[PDB]
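**Q** Quick one: structure below, then a few questions.
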Amino acid sequence: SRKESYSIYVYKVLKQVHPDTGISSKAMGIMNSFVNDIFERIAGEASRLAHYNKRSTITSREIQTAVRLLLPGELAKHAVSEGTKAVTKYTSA
Amino acid sequence: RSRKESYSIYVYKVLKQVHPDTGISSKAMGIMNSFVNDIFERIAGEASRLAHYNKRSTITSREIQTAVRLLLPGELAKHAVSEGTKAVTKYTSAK
Amino acid sequence: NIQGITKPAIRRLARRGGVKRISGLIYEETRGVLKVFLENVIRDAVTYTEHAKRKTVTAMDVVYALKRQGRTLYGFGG
Amino acid sequence: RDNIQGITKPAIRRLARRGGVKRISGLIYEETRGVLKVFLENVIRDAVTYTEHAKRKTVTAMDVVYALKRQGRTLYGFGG
Amino acid sequence: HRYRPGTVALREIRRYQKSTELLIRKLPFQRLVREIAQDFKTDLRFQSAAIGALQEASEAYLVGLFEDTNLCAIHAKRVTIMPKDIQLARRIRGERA
Amino acid sequence: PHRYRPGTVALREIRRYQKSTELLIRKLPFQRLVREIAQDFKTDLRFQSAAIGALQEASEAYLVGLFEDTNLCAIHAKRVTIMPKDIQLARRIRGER
Amino acid sequence: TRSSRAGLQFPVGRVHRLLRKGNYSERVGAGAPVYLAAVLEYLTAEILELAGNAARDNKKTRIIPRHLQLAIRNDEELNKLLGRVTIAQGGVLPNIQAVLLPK
Amino acid sequence: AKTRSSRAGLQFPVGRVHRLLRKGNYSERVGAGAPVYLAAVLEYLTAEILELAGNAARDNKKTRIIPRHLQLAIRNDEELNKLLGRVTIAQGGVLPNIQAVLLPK
DNA sequence: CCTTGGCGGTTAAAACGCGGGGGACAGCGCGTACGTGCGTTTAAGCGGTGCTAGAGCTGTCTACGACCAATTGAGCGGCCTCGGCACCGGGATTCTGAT
DNA sequence: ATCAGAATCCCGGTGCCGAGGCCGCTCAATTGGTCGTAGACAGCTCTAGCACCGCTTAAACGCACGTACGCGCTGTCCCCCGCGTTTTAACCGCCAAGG
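Residue numbers (my numbering), protein chains in the order written: chain V, 1 to 93; chain D, 1001 to 1095; chain E, 2001 to 2078; chain W, 3001 to 3080; chain L, 4001 to 4097; chain B, 5001 to 5097; chain X, 6001 to 6103; chain A, 7001 to 7105.
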């Protein structure tokens, strides 16, 4: 069947993380599951924040505050910075 | 001045049915109303997850059956299944 | 300040919890654990309030934070 | 028969060494097998309920994954 | 006259076991909550019900912590509880990282 | 060629197993145990190999974690040997029954 | 109402409407909310019967949240279901270790 | 830059994230800025794991990454451990730990 | 309209000092059960070899659930009375405290 | 062992204020009709879960042997508890912006 994966995306990230560090398939699947769980949890927190504040839309602010809630202090701040930078350069472009 | 909806009177009727003379306080009533809300949330979320895992969108009574069997521990789940199945048959018998 | 959690208060809590005799060095660790638990819960509550751009934190937000911590509270608009 | 006893004493010893237990009593194995039994019971009960809800009679890996996710023992790399 | 140690303590255990009132002083706890939330956000208005729920939750948390502490102390053939008992209980509980 | 003081083999095997990343229990007994313990829920159930693998991983992880907890409970009382009472204490603190 | 016609008490219509508002599924079946109402009714009936028994233990007529706390903490399955949740103004069960009692 | 990821300068697909969010039933509507933020967060988290995984593989003087290295990277870092203490990595093993009391003198 | 700031009374409670014996430490005195090696038996693991039941994919016709418009009554805001637990004083056993 | 003596639950008398009962009012539950598609069901494929057999050797297991903790006993020290004593600020109650 036609099954999706984040394999090429993680590969592209790995190329710019370490050009000379390969990965096994089992680790690739573990990373795929990790990405799926993180997406599910962040989107769930955003959905809870939207339903709890009477908003039927999910925007950058909900994702940002969900990231702040989930990730620890330093990691939450850096992830928020990365997301805000990406959103700003997407809006500019 | 918005309208706040609750389950106070329904639980009061249930308590009167199961207890001819039993008073109920506002704090206890609120605690059990929030408990009913929590059970509602738990069953609804479990049913949604079960429907998504089978790639469906229509949550029938069977999804609620399996959600109750997974959530409620053992005998509580069996009693809930029996009572709810009897109630569903009663509802389907009439309009 | 932080001394409001007194020795008789911790002693009363320990008596209610079933502890018979308590050493004199328990109080500081109890205070620290209370501080970190309050930091976590109130951090979640203030983040919930700030998402709504409000300034008054509600008991509803506190209950939501406790739900996030896995220690839900009933009777507070849950 | 008695397939719980199939988890022999050396296996529990190796698991304890992996955990980092220095001295092991002679009757630890019974309690270890009992806790293994109860964890297996709850996990497989959840997985079997999930599989039956799907109207299939083949215990799949994703069923165990979702059962563990409910139980708070989420696993990665097996799908989901 | 004088009562032997550990008896009036047990009587206080009995009395505190039936009462359900909040054991913490109100205003010191309000001040603690304000001084612990000041560092996060500035000029924070607090609801009475909010700090009351905080009081109840913290009291239940401390009661459970003390139960685990007494259990840890008695598991090692000891009556008095030591801070190491709290440390071990919280480490096993998974709160300590 | 010689027998040394007991305990050094324990250190060596603990270090090797911690450095190791395998599954300690044999596959066939575990699969038979899964079949036996699932026969009481639904008969004629056909078990995928990946299901048995996931069950083995989860079971070994849970048992190992119980083993660090039991070791911590044993060393809590200034002791090295582990007793079942440590196992029930670890499960009680964990909140699992 | 659907509730009385199904031999139940809790509102089927409110349950279905709040199921809609929760986005628990794109479309919701007709019999699932009826079963949910029945299960909620049975759970509330059991909790209320236990609370009434607890009140009868203390020779009391009005339900105090302490009665609910004792009822939840005494029954096994309900305590398992609601163990991670603490109850305001509830207290804990009376338990003193057999080692702490005097000779 | 035609793909929304290219405009956002992101490796993770903005379009796929948007499609999953829409067909995940999280809300009635999904803003266009949310998928970019979510893709950026996912990319940053995957990277933050990847650098530590590469260092762990380098320490084990192994060319490729094994899930043991992933478990090592998750366990050693305090924040990653705080995040994924409830996740067990397949064939990840345990950290090398010996209690001080258990060590012979 | 609910949160915050100010003020006055007081008493219930928090904070202090000290005698003391019960509990927390240590340091032996042994007892044995687990650690370890040596065979010896066994069963798990692997390599084929079929065997076949059931998961999976495909299409089709349906019948139930998301939409519309009437309609009406049962649940929420608002109001009034009582008894049942909050509270206070007496009485007698139930424990400990002492010898 | 057995007497002395405070503590506190049961009993009786106070009592007051939120819960139970009721009433008035309104918008969401109920009913009919429509249509669009999610899926229930019939049906073929072919995948892998399973059963069997033969080597084959790694792994478990019974047993002798030894000493390293486990547990107990005894002593020594000390430091929270319980008593009384002194301070103190929290709670009740009242009263006002004001955002």
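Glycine residues also receive a C-beta, built at the ideal position from the N, C-alpha and C atoms.
1) Determine the burial state of residue 4003 (chain L): buried for a count of at least 16 other Cβ atoms within 10 Å of its Cβ, exposed for fewer.
2) Report the CB separation of residue 71 (chain V) from residue 7050 (chain A) in whole angstroms; it is logged as a contact under 8 Å.
3) Should residue 5008 (chain B) be labelled buried (16 or more other beta-carbon atoms within 10 Å of its own) or exposed?
4) Put residue 6064 (chain X) into one of helix, strand or coil per three-state DSSP.
5) For residue 2022 (chain E), which residues of its own chain have a beta-carbon under 6 Å away from its beta-carbon, when the five flanking residues on both sides are left out?
6) For residue 5071 (chain B), report the span of its alpha helix (DSSP H) as first-last.
7) Note down the Cα distance separating residue 5090 (chain B) from residue 5039 (chain B), rounded to an integer number of angstroms.
8) Cβ closer than 9 Å: which chain D residues qualify as neighbours of residue 6005 (chain X)?
9) Given a limit of 7 Å on CB to CB distance, which residues of the region 3002-3029 of chain W reach chain B?
10) Have a look at residue 6070 (chain X) and residue 6081 (chain X) and give me their C-alpha separation to the nearest angstrom.
11) Would a check of beta-carbon distances place residue 3070 (chain W) closer than 8 Å to chain D?
12) Under three-state DSSP, which class holds residue 2027 (chain E)?
13) Drop a sphere of 10 angstroms on the beta-carbon of residue 53 (chain V), count the other beta-carbons inside from all chains shown, and report buried for 16 or more, exposed for fewer.
14) Can you tell me which of the three DSSP states residue 1066 (chain D) falls into?
15) Name the chain B residues that come within less than 9 Å of residue 4093 (chain L), Cβ to Cβ?
16) Which partner residues of residue 7044 (chain A) appear in the DSSP bridge assignment?
17) Could you check which residue in W:3043, W:3060, W:3011 has the C-alpha nearest to that of residue 5024 (chain B)?
18) Inspect the beta-carbon positions of residue 7106 (chain A) and residue 7036 (chain A) and report whether they are closer than 8 Å.
19) CA-CA distance, residue 6021 (chain X) and residue 7098 (chain A)?
20) Going by DSSP in three states, residue 3023 (chain W) sits in which element: helix, strand or coil?
21) Tell me whether residue 22 (chain V) sits in a helix, a strand or coil according to DSSP, three-state version.
22) Roughly how many angstroms lie between the CA atoms of residue 7086 (chain A) and residue 5062 (chain B), to the nearest whole one?
23) So what does DSSP say about residue 17 (chain V), is it helix, strand or coil?
24) To the nearest angstrom, report how far apart residue 2032 (chain E) and residue 4084 (chain L) are at their CA atoms.
25) If we count the other Cβ atoms within 10 Å of its Cβ and call it buried at 16 or more, is residue 82 (chain V) buried or exposed?
26) List the residues of chain D whose Cβ lies closer than 7 Å to the Cβ of residue 6021 (chain X), in chain order.
27) If you follow the alpha helix (DSSP H) that residue 7026 (chain A) is in, where does it begin and where does it stop?
28) For the region 6039-6048 of chain X and the region 7039-7050 of chain A, state whether three or more C-beta atom pairs, one from each stretch, are separated by less than 8 Å.
29) Taking just the CA atoms, how far does residue 4 (chain V) sit from residue 6093 (chain X)?
30) State yes or no: is the beta carbon of residue 4097 (chain L) nearer than 8 Å to at least one beta carbon in chain B?
31) So residue 63 (chain V) and residue 42 (chain V) are in contact, right, with Cβ under 8 Å, and what is the actual spacing, rounded?
32) Return the bridge partner residues of residue 5021 (chain B) from the DSSP annotation.
33) Would a check of beta-carbon distances place residue 6065 (chain X) closer than 8 Å to chain D?
34) Could you give the distance in angstroms between the alpha-carbon of residue 1009 (chain D) and the alpha-carbon of residue 1038 (chain D)?
35) In whole angstroms, what separates the C-alpha of residue 3028 (chain W) from that of residue 2067 (chain E)?
**A** According to the data block:
1) exposed
2) Not really, about 16 Å apart at Cβ, beyond 8 Å.
3) exposed
4) coil
5) 2014
6) 5049-5076
7) 30 Å
8) 1090, 1091, 1094, 1095
9) 3003, 3004, 3006, 3007, 3011, 3014, 3015, 3016, 3017, 3018, 3019, 3020, 3021, 3022, 3023, 3024, 3025, 3027, 3028
10) 14 Å
11) yes
12) helix
13) exposed
14) helix
15) 5093, 5094, 5095
16) Per DSSP, none; premise fails for residue 7044 (chain A).
17) W:3011
18) The requested residue 7106 (chain A) is not part of the displayed model; chain A covers only 7001 to 7105.
19) 54 Å
20) strand
21) strand
22) 12 Å
23) helix
24) 14 Å
25) buried
26) Simply none; closest approach about 10 Å.
27) Element bounds for residue 7026 (chain A): n/a, residue is neither H nor E.
28) no
29) 53 Å
30) no
31) 7 Å
32) Residue 5021 (chain B) pairs with nothing; no bridge assigned.
33) yes
34) 18 Å
35) 37 Å
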